[PDB]
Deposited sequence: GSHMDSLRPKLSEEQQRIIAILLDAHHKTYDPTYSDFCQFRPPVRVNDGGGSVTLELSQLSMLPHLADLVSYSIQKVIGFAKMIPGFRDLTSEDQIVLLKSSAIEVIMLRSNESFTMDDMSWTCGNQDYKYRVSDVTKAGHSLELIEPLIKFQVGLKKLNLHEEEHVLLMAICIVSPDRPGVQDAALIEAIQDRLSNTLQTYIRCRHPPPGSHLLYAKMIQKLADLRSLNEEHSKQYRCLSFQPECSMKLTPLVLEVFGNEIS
């Protein structure tokens, strides 16, 4: 069986555009981080009460996510098809995918050496303990780390990694999308590119199964999203929380 058709002219171009959007929107040197509000790591050895009293890492991480949303918006805008949607649908998709794409894209800094996101330094190394000092609990953090490892062990080529993010953003089943049929047309073009790319480029491959595993990651992302969203909502009850955020974070996760 096992047909392995060549990438079409168009699929090739779609992949080139995606790699190029990603290279322009993902700086692997983390050179902008010194501009974020500074990481503050005060001893939290415990403790929800202290956590919430301090939120010591929230300004730095909020700026990091905020900056990251901005990069995601730009990335989305260079997805072939994205511009063809109404601006209303573009935004519905951006807001409901943003934290998910952040979790995907963050995989590039995540490292299995010590199960951190290493954006350089030790100032810009983020661990479980740093994410609890932003107010999150282990109900989100532990599956997030599991997802990050799960995803590292797919050993995605960068083509797959950027198609996956593109497919994540352009989902016809998001609440409040007006032209589900268009969005789906676009996702299918993107999915067919990924299915085709995998069959072409991936060794062995009796393990065409990578596609199933990639698709399952998108489903893990919905659970992480809803969990992050529960926790964000509880955090926004913390008086002065909003100082610690940014207007964009407030709109997107609000």
Enumerate the deposited-sequence segments absent from the coordinates, judged by C-alpha atoms, in order of position. 1 to 4, 51, 260 to 263
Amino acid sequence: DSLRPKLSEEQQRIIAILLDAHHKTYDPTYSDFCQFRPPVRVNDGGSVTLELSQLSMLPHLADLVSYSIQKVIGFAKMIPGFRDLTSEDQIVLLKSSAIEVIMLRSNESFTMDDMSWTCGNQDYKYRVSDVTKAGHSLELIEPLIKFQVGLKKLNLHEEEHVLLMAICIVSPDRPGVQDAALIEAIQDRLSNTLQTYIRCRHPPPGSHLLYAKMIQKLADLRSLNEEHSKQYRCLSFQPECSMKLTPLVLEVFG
From here on, numbers count along this sequence of modelled residues.
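If you superpose the two forms and keep the largest set of C-alpha atoms that fall within 1.5 Å, you have the rigid core.
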Judged by RMS Cα deviation after a rigid core fit in 8 other deposited structures of this protein, the more variable of 184 to 192 and 197 to 205 is 197 to 205
Higher of the two mean Cα B-factors (146 to 154, 171 to 179; per PDB record) comes from 171 to 179
Comparing average C-alpha B factors as deposited, tell me which of 197 to 205 and 65 to 73 sits higher. 197 to 205
Which has the highest CA B-factor per the PDB entry: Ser191, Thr29, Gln35, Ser47? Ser47
Using only modelled residues of the chain, where does the Cα B factor of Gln238 rank: lowest third, middle third or highest third? middle
Looking at the C-alpha B-factor of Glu100, is it in the lowest, middle or highest third of its chain? lowest
Binned into thirds over the chain's modelled residues, the C-alpha B-factor of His60 lands in the lowest
Relative C-alpha B-factor of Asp130, binned into the chain's lowest, middle or highest third: middle
Sorting by Cα B-factor within the chain, modelled residues only, which third would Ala166 end up in: lowest, middle or highest? lowest
